[PDB]
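Heads up: the structure comes next, in structure tokens.
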Amino acid sequence: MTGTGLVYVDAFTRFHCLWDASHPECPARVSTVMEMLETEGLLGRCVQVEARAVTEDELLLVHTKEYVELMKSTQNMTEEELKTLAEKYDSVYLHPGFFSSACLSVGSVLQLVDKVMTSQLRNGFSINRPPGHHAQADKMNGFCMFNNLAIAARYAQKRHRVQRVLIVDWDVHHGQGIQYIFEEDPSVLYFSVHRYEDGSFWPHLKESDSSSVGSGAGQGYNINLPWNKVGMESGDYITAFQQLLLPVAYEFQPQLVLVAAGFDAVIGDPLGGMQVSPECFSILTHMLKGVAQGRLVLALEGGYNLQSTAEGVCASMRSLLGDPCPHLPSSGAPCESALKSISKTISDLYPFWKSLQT
Ligand SMILES: C#CCCCC(=O)Nc1ccc(C(=O)c2ccc(NC(=O)CCCCCCC(=O)NO)cc2)cc1
Ligand SMILES: [K+]
Ligand SMILES: [K+]
Ligand SMILES: [Zn+2]
Numbered sequence: 020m021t022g023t024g025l026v027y028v029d030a031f032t033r034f035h036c037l038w039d040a041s042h043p044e045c046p047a048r049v050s051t052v053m054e055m056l057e058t059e060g061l062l063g064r065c066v067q068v069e070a071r072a073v074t075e076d077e078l079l080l081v082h083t084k085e086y087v088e089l090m091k092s093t094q095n096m097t098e099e100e101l102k103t104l105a106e107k108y109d110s111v112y113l114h115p116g117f118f119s120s121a122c123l124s125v126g127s128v129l130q131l132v133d134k135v136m137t138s139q140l141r142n143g144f145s146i147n148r149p150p151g152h153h154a155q156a157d158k159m160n161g162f163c164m165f166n167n168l169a170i171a172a173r174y175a176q177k178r179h180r181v182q183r184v185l186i187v188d189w190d191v192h193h194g195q196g197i198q199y200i201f202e203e204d205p206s207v208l209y210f211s212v213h214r215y216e217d218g219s220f221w222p223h224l225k226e227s228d229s230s231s232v233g234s235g236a237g238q239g240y241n242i243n244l245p246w247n248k249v250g251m252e253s254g255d256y257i258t259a260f261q262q263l264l265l266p267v268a269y270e271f272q273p274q275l276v277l278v279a280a281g282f283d284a285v286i287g288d289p290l291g292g293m294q295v296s297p298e299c300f301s302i303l304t305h306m307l308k309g310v311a312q313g314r315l316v317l318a319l320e321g322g323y324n325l326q327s328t329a330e331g332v333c334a335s336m337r338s339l340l341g342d343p344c345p346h347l348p349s350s351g352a353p354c355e356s357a358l359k360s361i362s363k364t365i366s367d368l369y370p371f372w373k374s375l376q377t
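If you count by my numbering, then the sequence shown holds residues 20 to 377, one letter each, in order.
Here it is in structure tokens:
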């Protein structure tokens with residue numbers, strides 16, 4: 020059970036925003052990542068895995084046949100028809116090749132799920148766009164068309180008999196799509212740390228607060244860690260993982276870990292406003308390898324500084340390949356605002372996880 024998978028196809032670069040040449044979700048995001056992985060010698064050390072289109076059967080695991088057909092109906096629309104449909108969604112652009120690339124974006128994750136759950140690879144990383152963690156059952160959202168990881172979690176449960184999936188969302192934006200799809204599901208534990216600022220940061224939702232601990236059977240299986248001050252650094256995330264996610268992770272005992280690996284919380288991102296060094300994601304990735312026998316699959320979400328995102332992917336890739344953890348320039352001590360958000364989240368999840376009762 021050795022090797023690290025890497026999935027990248029040029030179709031990820033064959034769709035862009037037609038009415039805005041400076042849109043941050045651009046093909047240069049994934050192309051700059053591949054360049055740095057090659058120049059740093061990391062790309063050659065990975066087992067290249069080919070992608071595949073997601074079937075209508077797999078897409079229907081979280082979406083509706085109506086919405087899937089409308090998204091399929093977008094490849095034959097004109098630009099005026101793409102723009103009038105996109106305007107019906109929140110923060111979304113469309114393109115005749117968008118739907119095609121989105122299908123390869125979803126299947127790229129499932130390809131790694133196959134190889135990892137069959138012990139052919141130890142872990143994997145898909146360098147894919149469009150992102151996915153905002154896509155919902157019958158609508159696009161936040162540059163996403165289809166929910167890559169939410170599909171992959173249900174796919175692994177059905178195709179590979181997995182009972183417990185852990186989804187770690189370290190993107191700077193709350194993945195409200197994944198939270199909605201699994202709001203009552205106790206078999207898919209969704210953790211999200213994100214910028215919130217009491218709701219003044221997009222998507223400006225109260226459901227992104229720590230008090231949305233899931234409902235019904237999934238009561239306690241949705242953990243939101245909302246930041247409320249910008250400038251969070253590596254010590255805030257390390258403390259967050261060590262005192263909140265990892266204790267709940269070992270108690271949950273998942274058989275597969277899927278990471279919404281966005282990098283808009285890295286230094287210099289135009290949107291995240293956070294101060295996390297890229298080397299920190301070598302530490303966060305390393306922590307996640309002690310869970311689920313290291314069955315770890317990462318998929319690109321956000322990250323819009325071309326240099327910051329590529330550095331984050333590279334730092335994550337070094338941990339996947341087993342390279343030594345890096346020296347972190349930032350202080351391992353968290354800030355007071357982070358401890359307040361960590362404390363409040365521990366309180367909202369205290370009655371559901373014995374590892375937090377302290
Ligand atoms: C050196 C030096 C200077 C560098 C400074 C710089 O260039 N700043 C800068 C700022 C803005 C832009 C945008 O064009 C732009 C437009 C619209 C939006 N929409 C939204 O925010 C609301 C919803 C967003 C979905 C997020 C998806 C996601 O990530 N899910 O994980 C965002 C950005 C480009 C550059
Ligand atoms: K997040
Ligand atoms: K859940
Ligand atoms: Zn994001």
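Ideal placement from N, C-alpha and C gives every residue a C-beta, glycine not left out.
{"Check": "Is the beta carbon of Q130 sitting closer than 9 Å to the one on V68?", "Outcome": "yes"}
{"Check": "Sorted by chain position, which residues of the same chain lie with C-beta nearer than 6 Å to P115's C-beta, five sequence neighbours on each side aside?", "Outcome": "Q94"}
{"Check": "Does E216 pass the burial test, meaning 16 or more other C-beta atoms within 10 Å, or should it be called exposed?", "Outcome": "exposed"}
{"Check": "Short check: CB of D228 to CB of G161, under 9 Å?", "Outcome": "no"}
{"Check": "For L140 and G63, I'd like the C-alpha separation in whole angstroms.", "Outcome": "15 Å"}
{"Check": "How many Å lie between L263 and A311 at the Cα?", "Outcome": "17 Å"}
{"Check": "With DSSP collapsed to three states, give me the class of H305.", "Outcome": "helix"}
{"Check": "Is the closest heavy atom of ligand 1 to the C-beta of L290 under 8 Å?", "Outcome": "yes"}
{"Check": "What would DSSP say about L185, mapped onto helix, strand or coil?", "Outcome": "strand"}
{"Check": "Which whole-angstrom value describes the C-beta separation of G126 and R48, a residue pair presumed to lie in contact below a C-beta threshold of 8 Å?", "Outcome": "Wrong, their Cβ atoms sit about 19 Å apart, outside the cutoff."}
{"Check": "Taking Cβ to Cβ, would you say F144 is nearer than 9 Å to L339?", "Outcome": "yes"}
{"Check": "Our contact map puts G196 next to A169 with C-beta atoms below 8 Å; I'd like the distance itself, whole angstroms only.", "Outcome": "7 Å"}
{"Check": "Rounded to whole angstroms, what's the CA-CA distance from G22 to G291? Just pull it up for me.", "Outcome": "32 Å"}
{"Check": "Where does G351 sit, in a helix, a strand or coil, going by DSSP?", "Outcome": "coil"}
{"Check": "If you follow the alpha helix (DSSP H) that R178 is in, where does it begin and where does it stop?", "Outcome": "167-178"}
{"Check": "Give a yes or no on whether the C-beta atoms belonging to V81 and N166 are separated by under 9 Å.", "Outcome": "yes"}
{"Check": "Can you find the residues in the same chain that come closer than 7 Å, C-beta to C-beta, to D255, ignoring five residues on each side of it along the sequence?", "Outcome": "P353, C354, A357"}
{"Check": "Is DSSP giving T97 helix, strand or coil here?", "Outcome": "coil"}
{"Check": "Compare the beta carbon distance of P149 and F271 with 9 Å and say whether it is the shorter of the two.", "Outcome": "no"}
{"Check": "Apart from the five residues just before and just after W38, which ones in its own chain have a Cβ nearer than 7 Å to its Cβ?", "Outcome": "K102"}
{"Check": "Please name the residue, chosen from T32, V316, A121, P297, that lies closest to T51 on a Cα-to-Cα basis.", "Outcome": "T32"}
{"Check": "Is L375 near ligand 3 - that is, is its Cβ less than 8 Å away from at least one heavy atom of it?", "Outcome": "no"}
{"Check": "Can you find the residues in the same chain that come closer than 6 Å, C-beta to C-beta, to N324, ignoring five residues on each side of it along the sequence?", "Outcome": "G287, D288"}
{"Check": "In chain order, what residues of the same chain have a beta carbon less than 7 Å from the beta carbon of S360, not counting five sequence neighbours either side?", "Outcome": "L244, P245, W246, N247"}
{"Check": "Pick helix, strand or coil for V87, following the three-state DSSP scheme.", "Outcome": "helix"}
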